[PDB]
Amino acid sequence: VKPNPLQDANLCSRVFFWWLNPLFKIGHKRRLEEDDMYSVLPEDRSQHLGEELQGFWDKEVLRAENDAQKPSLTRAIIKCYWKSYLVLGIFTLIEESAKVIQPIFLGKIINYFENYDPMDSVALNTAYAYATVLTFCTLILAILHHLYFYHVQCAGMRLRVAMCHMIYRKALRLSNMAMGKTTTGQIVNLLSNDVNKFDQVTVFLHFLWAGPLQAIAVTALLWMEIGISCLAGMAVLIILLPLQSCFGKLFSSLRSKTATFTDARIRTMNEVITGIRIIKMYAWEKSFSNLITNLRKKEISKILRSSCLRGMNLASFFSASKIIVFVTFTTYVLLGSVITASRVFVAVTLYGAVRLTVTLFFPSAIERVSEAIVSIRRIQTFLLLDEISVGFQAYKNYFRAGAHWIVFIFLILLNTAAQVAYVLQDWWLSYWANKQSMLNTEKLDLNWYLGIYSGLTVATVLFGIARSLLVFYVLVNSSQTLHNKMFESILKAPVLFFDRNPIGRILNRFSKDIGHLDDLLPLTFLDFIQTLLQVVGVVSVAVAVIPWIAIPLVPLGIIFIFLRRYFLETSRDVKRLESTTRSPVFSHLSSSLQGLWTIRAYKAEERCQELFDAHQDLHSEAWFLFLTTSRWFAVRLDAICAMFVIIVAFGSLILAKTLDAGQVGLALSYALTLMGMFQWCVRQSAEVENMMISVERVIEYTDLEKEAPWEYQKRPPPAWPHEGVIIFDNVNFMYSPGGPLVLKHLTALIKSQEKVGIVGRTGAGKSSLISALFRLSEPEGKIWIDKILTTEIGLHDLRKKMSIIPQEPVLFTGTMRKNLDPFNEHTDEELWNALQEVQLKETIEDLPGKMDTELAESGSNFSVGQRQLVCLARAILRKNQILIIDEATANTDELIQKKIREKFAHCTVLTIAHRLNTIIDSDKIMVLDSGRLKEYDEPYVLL
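Residues numbered from 1 in each chain as written, not as in the entry; some residues may be left out. Heavy atoms only, no water.

The record lists cryo-EM as the method behind this PDB entry and 3.29 Å as its resolution.

Okay, structure coming up:
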């Protein structure tokens, strides 16, 4: 078999995941697909994880049968996993306690500088001991975390597999009555949505008791440093939840209304794409163009609001750590106390450690727990049933379509001001402390030191709001101006492009790509640039204090790109394997659920169970590698993330003779915040690169084949169609520009006021005659019509003066006046008379409006004969001479036949039909053989 290297692995070697190096060396050049992966542990099989849980559930229900109660499911899970829960509780408690000693010892390190005696060597050893003790908390938080995390992630796949196994085992013991109420889709949804929520609960499970405990532990430390003023720092930290709740409940309605706005546009686009030939033959593009541009305008107007709202939310979240500090220190100074460089940075670090933790971990845990509880409830109620008896060009083309270069210069200038204010606000406090420590009465005026502080506080908020608003506007305008180009380019493609591509593809494109361009790109781009700027500023303020940190950063900067490449060259394969191993189990379940009686007939039912287990083992095996390949990177990242802090701390301590307390405190208070921002910045790039494919495939359009322009410079006479004699020459027709031919030298002569019939074998090139007269594809040879040709005339000047009766009618979703008159050029009485003389008036009088009747599902209220009659009404209302009647039916018809035989004023009627009983007493007839056409003068000669 395939023995995994996880077993037989000593300690101090699986903390760095050293047993995964060879696998990468295989995935560097060979692109391993499926046969070079490791199997699962012997204690991770489906049967071993399902049998014990089934036994525990049976024991629990047998115990609950005694009392007059209902058996529960969460008790059976607790009684099985309480050991693992209690084992992980110790480590999560240790990790939560290890985040409090760091500020307490940073305070002592700074206090050593506050009382500095050069003629001493005893306090330096104690300072070195403080630094050594501070060095261990970082190592515990950065190294020993990526193993507990892997274990707490692996502790959920077992529960998921057990639930799936027991659900499938129960599903094969249902009766006919119990099977009649449930459906296959219901079971598929219950297995693909309810169970899959058991992988993100164990991660956010320890944030219900360790959340408030850390807050209470931090709230009591500040009383021993600054006093009552610390409460001022906690009053602002509460308003964030009511601030975000209203934002969410206001954004939901905007999302709903913009969705209900774009749904109609999607439907109209689907209607337009299907049936492009009739629309192109009738020259009815402007109506749909306007109907689409109006809905697009409304959709953009509704999206701008939510965009601005989310931008304001991000701007408010970016600068919440400044108001708290400003308020608490203003209150602390206004009482009468004096500022010190050892009590400010400790409070800053504690605030930064509590606010992000609470506001990012507590709100999500409640939602996760509620979802898990409702899923467990659903699965419990189910189991109680009866039984039986890209490139840089892709970015340039997307950015240069939003504004000029001066706007980009202004945005670059505005990006580097909020961060400068963010850093200067902190530097001002260190300057204050240094100026205070130089005293030897002679107090300091508060006006200057408070006014400058308030100004530096306000500037940050202003420059944080303006940048976000500008970025969101610029990035929405690009999609707004790109959709129009896409639609205008696709509204002029030939039929050749339309017949070689399905409708579902283009519809899914127009929906999903525009959704992605309007929903997820600006948020991700703003988050990425903000998180990158924060890290750049942190590194800059760390280097500006010690000019020697710039030397080791280059070796710590070259390896990062190489590691990123070496990981991404092989990390883009596990998701594909996960998908192609998750699909077959669903396929097997769907195929085996319907074929139930064939399994109960034969005395073999456990074979399907073994097959299901063997199918799920492959998915478990393909999923096992995902967690390890994900955790193999965080260790190498946190290594540098902690080495930087160690280096800066020991370098600041070694050079204790040429600096002071304020600047060393400022330098050390920033190094303890690099981890989360580093992780977010290195993570968002993957999503950006994955989402750029939408832009890639959108720019794929707008550069396609283009037919002849709609109009030329030369204009036809005001009344061109008159005595519509039509001649031909040696003409050759073809569908592809370099493909085979379908006609061979069609030359005839059709005079005026003649009924020319065409009789030929189907599929031998009979319907290819109408596509040559309407020049849907440029043919070969001259086609003279009314003393002029058909090539030097525009398409709209040609297709307008002719009429064609399609083989099958089509009705567009709209009113009654639109389907008969999209361009308002005729009166209402004229249309009423034309509809009366076609013998159809009673079908519309019974309707309420009789003139503005809305039709559902392309006119589902009318019959086929009414469709032929309304097409005839359209043809009569057009009132042209050249009329092409093509019809092939198998079926009301006698009246339309006699009408088209009498109503039309004998204007060059030609027919393309196969029914010989319709070509009777025609002026001229033509016969089609497999390649050519033969014209007969009189039909009496043939008969």
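1. Description of the overall build of the protein
Cut-off, in case you're wondering: Here a helix means four or more residues in a row that DSSP labels H or I, a strand means two or more in a row labelled E, and each is numbered from the N terminus. C-alpha atoms define the radius of gyration, and 2.2 Å times the number of residues to the power 0.38 defines the globule rule. Partly exposed describes any residue whose relative accessible area lies between the buried limit of under 20% and the exposed limit of over 50%, with all areas from a 1.4 Å probe on protein chains only and scaled to the type maximum. Computed with the Shrake-Rupley method and a 1.4 Å probe, the accessible areas treat only the protein chains shown as cover for residues. Charge assignment: positive for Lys and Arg, negative for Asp and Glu; neither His nor the chain ends contribute. The atoms used to mark charge sites are NZ of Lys, CZ of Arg, CG of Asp and CD of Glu.
Within the protein, the secondary structure is distributed over 35 helices and eight strands. Expected size for 943 residues packed as a compact globule is a radius of gyration near 30 Å; at 39 Å, the protein overshoots this value by more than 25%. Taken across its 943 residues, the protein has 43% of its residues classed as buried. Counting only carbon and sulfur atoms, one obtains 62% of the accessible surface of the protein, whose full area is about 51300 Å². Charge separation in the protein, taken as the distance between the mean sites of 97 positive and 89 negative side-chain charges, equals 2 Å.

2. A look at helix α2 (residues 46-64)
The following threshold applies: A helix is expected to span 1.5 Å for every residue after the first. Note: the arc covers the axis-to-C-beta directions of the helix.
Taking 1.5 Å of rise per residue, 19 residues should cover 27 Å, and α2 covers 27 Å from first to last C-alpha, within 8% of that figure. Among the residues of α2, those classed as buried are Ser 46, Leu 49, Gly 50, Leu 53, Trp 57, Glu 60 and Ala 64. Along α2, the residues classed as buried sweep out an arc of 95 degrees about the axis, all on the same side. Residues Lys 59 and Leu 62 are exposed on α2 and point more than 90 degrees away from its buried face.

3. What about a negative patch on the surface?
Rules: Candidate patch residues must exceed 30% relative accessible area and have no salt bridge, after which like charges are joined if within 9 Å and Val, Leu, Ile, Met, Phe, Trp or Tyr side chains if within 5 Å. Any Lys or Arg side-chain nitrogen located within 4 Å of an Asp or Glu carboxyl oxygen qualifies as a salt bridge.
A cluster of acidic residues, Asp 828, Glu 829, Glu 830 and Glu 837, forms a negative patch at the surface. The topology assignment puts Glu 830 in helix α31 (residues 828-836).

4. Some thoughts on helix α27 (residues 674-699)
The first and last C-alpha atoms of α27 sit 38 Å apart over 26 residues, in line with the 38 Å expected at 1.5 Å per residue. Buried within α27 are the following residues: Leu 674, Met 677, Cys 681, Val 682, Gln 684, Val 688, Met 691, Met 692, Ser 694, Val 695 and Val 698.

5. Digging into a nonpolar patch on the surface
Together, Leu 124, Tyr 128, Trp 548, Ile 551, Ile 654 and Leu 655 give the surface a local cluster of nonpolar side chains, amounting to about 600 Å² of exposed area. Along the chain, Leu 655 falls in the loop between α25 (606-654) and α26 (661-671). You can call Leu 655 partly exposed: its relative accessible area is 35%.

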